[PDB]
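Secondary and tertiary structure notes
One letter stands for each residue in the lines below.
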Amino acid sequence: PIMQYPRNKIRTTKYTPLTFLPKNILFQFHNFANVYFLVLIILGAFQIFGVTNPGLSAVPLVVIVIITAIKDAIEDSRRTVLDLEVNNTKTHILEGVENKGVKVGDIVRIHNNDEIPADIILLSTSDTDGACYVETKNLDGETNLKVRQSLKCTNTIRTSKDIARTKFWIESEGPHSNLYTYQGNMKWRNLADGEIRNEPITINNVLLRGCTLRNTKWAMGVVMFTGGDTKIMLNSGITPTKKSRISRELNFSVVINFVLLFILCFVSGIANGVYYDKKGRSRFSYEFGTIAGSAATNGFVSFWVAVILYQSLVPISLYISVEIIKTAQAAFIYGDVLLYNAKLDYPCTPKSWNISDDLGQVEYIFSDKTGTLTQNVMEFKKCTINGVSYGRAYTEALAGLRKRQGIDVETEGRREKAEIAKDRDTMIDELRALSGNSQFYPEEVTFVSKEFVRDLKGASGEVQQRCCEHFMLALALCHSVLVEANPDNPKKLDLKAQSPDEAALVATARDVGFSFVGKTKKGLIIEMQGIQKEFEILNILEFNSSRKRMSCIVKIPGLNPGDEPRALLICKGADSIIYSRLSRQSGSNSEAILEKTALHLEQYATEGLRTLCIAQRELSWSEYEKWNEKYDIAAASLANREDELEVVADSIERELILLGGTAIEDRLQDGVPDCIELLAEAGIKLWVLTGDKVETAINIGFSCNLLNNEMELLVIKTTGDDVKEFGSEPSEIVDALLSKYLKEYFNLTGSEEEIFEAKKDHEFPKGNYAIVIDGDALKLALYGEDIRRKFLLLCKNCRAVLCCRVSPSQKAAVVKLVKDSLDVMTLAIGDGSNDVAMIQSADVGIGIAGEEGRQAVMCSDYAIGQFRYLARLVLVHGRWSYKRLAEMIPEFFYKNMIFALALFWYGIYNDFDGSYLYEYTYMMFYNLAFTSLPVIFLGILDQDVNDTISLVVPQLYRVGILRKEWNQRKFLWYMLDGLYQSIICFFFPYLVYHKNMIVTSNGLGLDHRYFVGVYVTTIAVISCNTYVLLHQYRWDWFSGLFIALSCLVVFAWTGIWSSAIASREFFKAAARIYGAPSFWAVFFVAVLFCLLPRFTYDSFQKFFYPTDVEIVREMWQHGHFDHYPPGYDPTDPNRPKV
Amino acid sequence: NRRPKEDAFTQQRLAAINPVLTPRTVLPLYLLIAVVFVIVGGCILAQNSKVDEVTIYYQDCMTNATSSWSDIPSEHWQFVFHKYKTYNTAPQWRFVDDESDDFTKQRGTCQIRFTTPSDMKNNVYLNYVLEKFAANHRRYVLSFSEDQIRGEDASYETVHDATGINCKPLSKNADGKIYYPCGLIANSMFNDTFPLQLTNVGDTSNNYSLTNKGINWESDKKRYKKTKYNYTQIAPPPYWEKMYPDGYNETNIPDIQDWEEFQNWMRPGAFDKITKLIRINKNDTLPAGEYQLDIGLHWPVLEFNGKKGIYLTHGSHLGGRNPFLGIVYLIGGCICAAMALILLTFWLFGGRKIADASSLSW
Ligand SMILES: *[C@@H]1O[C@H](CO)[C@@H](O[C@@H]2O[C@H](CO)[C@@H](O[C@@H]3O[C@H](CO)[C@@H](O)[C@H](O)[C@@H]3O)[C@H](O)[C@H]2NC(C)=O)[C@H](O)[C@H]1NC(C)=O
Ligand SMILES: Nc1ncnc2c1ncn2[C@@H]1O[C@H](COP(=O)(O)OP(=O)(O)CP(=O)(O)O)[C@@H](O)[C@H]1O
Ligand SMILES: [Mg+2]
């Protein structure tokens, strides 16, 4: 009470189940199509607006209100029961008898390898005085072991028997939502002695919630205070949701339905002003005049009575009808077994249910690779040391398969022949595996067997033996790879790293003899050729994908006794960063060896191997101790989560001596056959955004046949990469050189930077033209004004755009450029924590779940197992859910105005006084039960072709890229088709009564107006439901039943409600109307004239202007798809032939 | 193991008859529909050509007729007999005022004397046509009480219920007593008493009867039930007080269950033409000749320039004589046989043939 402590649940979903209902009801009426029903319910209670059954007006609303409530209940339950079983699923024991769960003031024990749902203030651990390590992965890109040095004073607790003698928690202020800060301090009073102590509590003494602890045991401390003091409750969790184009081109179509409703009341509202100033009418003697007063303002009330009358025109079952269909199409994306990864236990997981139609109208896929397109199990080395290349490969040297012969299996046996000549002789003093598919590159590296008894060090010659051994030790020291206790066969311990690149460097250095056994508390231990040398790594700087510096500053010992031991700097990065950081002038041989190795890097990227190179400066400690002070003060600074450590991690990498480079391989995800002729022959223009280099991405686009042969590879290829700080004001080169061939490549595609004649154009461009813009040639292309348009129009007329998009702001800026400046759907399929900027800045958000579920899966819009499933997700489960939902939405504005205008055409004959024609149950069950089911099962169970033929002919996706289904030209011509049939469904029942008002076979008379609205409704229900029958493909047993049931429900509610006495004027209409043959003669011929225009026009379209999807269906019935099996998946690795 | 269920509904592999509108299914379909609706359109014009009706208006027997047999405007009468033998002959009418009921707006007795050359069949319907009577407005058709229809002795505030039909215009008389049939519908009842016979004047004088029982549906006598009031607290409606001149006795309260021509009037017609049954004769075939109806004029049709008439017919299976459902099935036959003919001569004489597969992307 006074200490203001309420208890709360952990996750912050705003729909708390105690306050679920009043927040939902206010949210239901932020829609301005059901708060319109609150106007015509409170005007249905005032007993002058001619309304019978005033309490049956809250039936067709509150049914839709509660169905949206149980829809939002399921859309809250799936957001808490499937993705959110981490609230409270573990309860710790916390026994205190000797005096995942939440309690303020708890003293929680944290073992190794567990996530902490608390803001724990550390006390001690198994290490030295509270030396805590952590893997803070779900906060930043921090894959380090960030030291959390706890309180060095009170390290006397070991168990929960002495810390349990104090029941106490502290008081803190409001939250701040900053990561590296913690302004809390605790004070405490020791027992039996007046020692006051403020134990200093800073960010080193605490650790946050969403991180994973590593390498320590029994981490102990105090949980946070209530409210919002957790620093992830505000930094991430408030995400704006998204809707489609069709869910944004719907709010125009609703207002066009309200323009028509405001006219039909305005025509009525003046035609009963004109009627109430006639003189020779019947309303003077029989009906009593001066209804409201002595004015003609009883035509302004007759305006409002048409508002209440035209309540089956306002779409109430629209925003529930899309959200039944968007949910069920997404729960069919979920429940498909051909989108299920058997090797991973992972089906497709639709994170956002309401965007199932975005996958039918996408044009740009920003599929960056090495997580997505490939398998990322990095294997080979192909070592390039001291300007000579040691390595032989024919696993992927096949990127240049355009010029070679048919089959070459003898060299794949010669790889095995050199493999057995390399594992045996190098097994001199090594105890690792060294077997088939245990070592990785067959290459006889200098035949190392020279010393037996005479010498141990050498130091006379053969520098290539030393330069290879110095390479491998510097390779197996520049890593962030962790050893692990192998549970089965514990005599061979394995390696575990967060980077699939970085683990491969040590794991083959293991195979050559330089493996590291483990890691001590300060330095590193490595078994180099029998002996186990201890290279003390005193400092390391991390890796980011925006910097490309994996750099350790490991300290070496001085080889002679009695010196100051020097240190190395192995800045292992890309093949253009350390060449931008390399010593040009030198007294060494660091000039004539560069053209040897950089030629091999071109050789070992043109065959499809990922390159990563190794340099090393030989720095001393007269210059390192000031940089370490410049780094540790920057490490003690507030910018430890910023880019101001990058300028300190820039000054020491200025000059380097190049050692060599590696050429680690990467086989594919076998998402080859979808990218060739499924996902790029559809019409979608792929955009690979690697971050890897140019020669390796060109020669992998041929391998997956993204870009095949005869692609004019118009590479941009800027020549200089330098930073500007002064000068160059009268002239320009480094910006003007790429600018002059953004115009010069407009000889292939003749255009200009001025106007957008292509925003209004869609095509899959003839002329191949795969743009290979790369890195700094893109940074100088999206700089400012009037420079984007002179390649964005080039990037429209392409079929592929390519690599070197590093530092993911560029991947953010490209997906934002092609989405904003060309209003079109993007897709952006990726994986990894550096591609969330590409996914959260796009339209669709497909993510790849690898071995673990990463941040590009839990911040996504779908999630599939591989890249192999995107061809089924887009071309089948998105192409259907476009042509379903773009067919449903024109059908729903059609069905509301075949009915609500048929009591406008009666308005002429009562002179618009607002008498009902439909008993007020046919106006009340029309949006709900009569003909609102077959419109739903048109949006859920319609397929234009089969699931196999949507992948045999993928160019049926072109009806969705062109926006050639859903447009306003389709929307108005269904309302003009409804307004036609409103004349048919009224004036065919009218022109049997207008002659002599007798329609029964026994002359007894059905002249009443409720007995006219069964002639009208039964034509308005059956010619509505048969219309939806003629506008679905593949009539099945299910939707073909709910058309036969939704037509036989208007014949059944007329039988069981016109048999009760509660139907006052409508007493026995089932016997009177249906016994009369004038019903069944006006029903069989006014259902004809409602269908006959559209059925002939959809037979005149399908004969002489046929769509592409009609021509495929004509091939379906004949022997053109006889060889294809059902459930056919053509992107599958093990499949038969056609 | 979250594998999704594979039971052909989450896998979407249902029955799927899969209709494709080839020109060898649409062109027999229009040959199938248009060969039905030119036989149905023939049989409806075969049946409805043989319907005989008599429509005679009488809103001006009070002024435009004399006590002798008077002028016959052809604006009024419409005989439709399918044997065009006595179709141009005029039905004459006189007027017998007698100057006793002193109403002077609609009184007297118009005695129409028409002539039927052909014979109707055994059922004979004597309707009444009320053109330009505004019977379908908002305040009008929502003015009665359902409980008083169902035989209930309701109170003053229970004929003023919010639920739809109440009696808000006709609630009480001058001394605070409720009406027995309240609301403007029962207040505005057609008065004109047709006699129970068509007298066979001129030729033989053997009269042709017309029963007023069996007029409404017989199944409608389950919500029209006899009153339960105490003959004192009810008044007649203020336009019925000249057929109940003193009020209600203990014995003049109308049983609304068997009073079938009131049961028709509480069923308001939808449009500005009203045609209700008031006299039937199921038993006797009407022979040829010259008959006479003696209409007791009481209902005013001159303050709104409307009409008032008589519809004598033998209603067929479709009900009445209307050439609409014969024309429409022939328009259904003429359009379907034309859309078959347009989509066949654009097919064989130019247009396309379904012979290729390179039409989509070539
Ligand atoms: C059915 O027949 C009655 C008479 O048999 C027709 O006349 C209507 O009779 C009532 C009562 O006599 C008239 O009410 C009177 O109105 C004047 C003012 O117009 C008033 O001064 C009197 O004190 C009395 O209240 C009524 O005017 C008269 N006419 C009409 C058109 O209602 C009656 O018309 C016939 N039809 C119906 C539908 O009742
Ligand atoms: N742990 C590591 N050690 C050394 N070099 C690395 C490395 N991780 C990445 N690199 C190099 O950095 C360059 C670009 O970094 P990037 O983060 O793009 O790696 P990548 O392209 O393989 C993953 P992505 O394709 O999603 O960007 C690559 O050429 C790679 O060789
Ligand atoms: Mg990646």
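Residues numbered from 1 in each chain as written, not as in the entry; some residues may be left out. Chains lettered and ligands numbered in written order. Heavy atoms only, no water.

On to the site of ligand 2. All names here are of chain A. Surveying the vicinity of ligand 2 reveals 16 residues, the closest of which are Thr-370, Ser-545, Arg-610, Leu-612 and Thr-690. Within the backbone of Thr-690, a nitrogen or oxygen atom sits 2.8 Å from an oxygen atom of ligand 2. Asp-692 places a side-chain nitrogen or oxygen 3.4 Å from an oxygen atom of ligand 2. Burial of ligand 2 by the protein amounts to 94% of the accessible area it has alone, namely 600 Å². Split into classes, the residues belonging to the shell around ligand 2 amount to three nonpolar, five polar and eight charged. (Near = heavy atom within 4 Å. Polar contact = N/O pair within 3.5 Å; in protein donor to acceptor, adjacent residues only side chain to side chain. Areas by Shrake-Rupley, 256 points an atom, 1.4 Å probe, with all protein chains shown as cover. Nonpolar A, V, L, I, M, F, W, Y, C, P; charged D, E, K, R; others polar.)

Before going further, it helps to spend a moment on the environment of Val-54 of chain B. Residues and elements named next belong to chain B. Among the secondary structure elements, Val-54 is positioned in strand β1 (residues 53-57). Note on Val-54: relative accessible area 0%, which makes it buried. Along the backbone, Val-54 and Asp-246 are 192 residues apart, and their C-alpha atoms lie at a distance of 39 Å. (Helix = DSSP H or I, 4+ residues; strand = E, 2+ residues; numbered from the N terminus. Buried < 20%, exposed > 50% of the residue type's maximum accessible area, 1.4 Å probe, protein only.)

So, on to the UniProt feature "binding site: Mg(2+)" in chain A. Residue and element names in this part refer to chain A. Mapped onto this structure's residue numbering, the UniProt feature "binding site: Mg(2+)" falls at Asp-368, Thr-370, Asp-831 and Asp-835. These residues run over 468 residues, yet every pair of their C-alpha atoms falls within 11.7 Å of each other. You can see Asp-368 is positioned in the loop between β9 (362-365) and β10 (383-385). For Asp-368, a relative accessible area of 2% gives the class buried. Aside from chain neighbours lying at most four places away, what touches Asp-368 is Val-688, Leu-689, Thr-690, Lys-811, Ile-829, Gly-830, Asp-835 and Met-838. Tracing the backbone through its elements, the reader meets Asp-835 in the loop between β24 (825-826) and α19 (836-839). Given the relative accessible area of 5%, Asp-835 is considered buried. Beyond its immediate sequence surroundings of up to four residues, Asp-835 is in contact with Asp-368, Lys-811 and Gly-830. (UniProt positions renumbered as here; feature names shortened; annotations may be inferred. Contact = heavy atoms within 4.5 Å.)

Through backbone hydrogen bonds, the strands of a sheet pair up, either in parallel or in antiparallel fashion. Residues and elements named next belong to chain A. Read across the open sheet, the four strands follow the order β23-β22-β9-β24; overall the sheet is parallel. At either margin of the open sheet sits one strand with a lone partner, and together these are β23 (800-801) and β24. Bridge count between β9 and strand β22 (residues 685-687): two bridges; the pairing is parallel. Along β22, the bridge assignment pairs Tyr-364 with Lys-685. (Pairing = 2+ DSSP bridges.)

Take the interface of chain B and chain A next. Taken residue by residue, the interface counts 103 residues in chain B and 106 residues in chain A. Both faces considered, chain B and chain A share a buried interface measuring about 9800 Å² in area, 61% of it formed by carbon and sulfur atoms. Ranking the residues of chain B by area buried against chain A places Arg-138, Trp-217 and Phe-271 of chain B at the top, with a combined share of 9%. Where chain B packs against chain A, one counts four salt bridges. Note that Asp-220 of chain B and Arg-1072 of chain A form a salt bridge whose closest N and O atoms lie 3.7 Å from each other. Linking chain B with chain A are 36 residue pairs in polar contact. Only α1 (26-33), β5 (124-131), α3 (138-141), α5 (184-187), β10 (273-281) and α7 (324-345) of chain B provide two or more residues apiece to the side of chain B that touches chain A. Tallying contributions element by element places α7 of chain B first for the side of chain B that touches chain A, with ten residues. Each residue belonging to the side of chain B that touches chain A can be placed in one class, and the counts come to 54 nonpolar, 27 polar and 22 charged. (Buried area = accessible area lost by both parts, 1.4 Å probe. Salt bridge = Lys/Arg side-chain N within 4 Å of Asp/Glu carboxyl O.)

What follows deals with the side chain of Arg-617 of chain A. Residues and elements named next belong to chain A. Position of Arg-617 relative to the elements: it lies in the loop between β20 (612-616) and α11 (624-635). In this structure the side chain of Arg-617 is engaged in a polar contact, spanning 2.6 Å, whose partner is the side chain of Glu-655. Here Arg-617 is in contact with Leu-568, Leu-569, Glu-623, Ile-652, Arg-654, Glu-655, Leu-656 and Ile-657, once residues within four sequence places are set aside.

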